[PDB]
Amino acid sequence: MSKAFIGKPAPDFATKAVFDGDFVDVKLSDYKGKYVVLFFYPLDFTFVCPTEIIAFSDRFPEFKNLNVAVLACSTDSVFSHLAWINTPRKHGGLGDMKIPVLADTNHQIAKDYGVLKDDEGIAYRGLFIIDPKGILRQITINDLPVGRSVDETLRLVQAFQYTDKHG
């Protein structure tokens, strides 16, 4: 099922996303020549404040500084994404997002990356690091209750960029 393997071309994806309040098309091949952090989350509009997701948006300047693209993804629709983005952060919404938020209503991307929780049709808290040649370098999958660190993600990305150059 899962097509995500270390040292192998990262599973190709093409889907609709919300970026800068607009519906856009996002392909993996668009980021050829750059590092890519693809991260998944379970559900739009959860009761628990989406601080971990917001953290990746607020701190995106640090990733752009490193020439690194960051993509969020869930099994919710683009319409659901836009509504949550249009919900103020003080009301539990996402607010302004500086990164594209991908819709995976297909489940195809979650399936290809092996992060789909089958019985619920939601993605586990997975994070993947793809290099400029489209090769999968890192796999991170968390159970639903536990989020991810921007610091750890930056550590990983920089170490991979370093070792690409110096070994």
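Residue numbers run from 1 along the displayed sequence.
Legend: mean Cα B-factor per stretch from the PDB entry, 37 to 45 versus 23 to 31; the higher mean is in 23 to 31. The mean C-alpha temperature factor is higher for 92 to 100 when 92 to 100 and 74 to 82 are set side by side.
As recorded in the entry, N67 carries the highest CA temperature factor of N67, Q108, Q138, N142. Residue-level temperature factors show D112 in the lowest third of its chain, judged at the C-alpha atom. Looking at the C-alpha B-factors along this chain, the one for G126 belongs to the lowest third.
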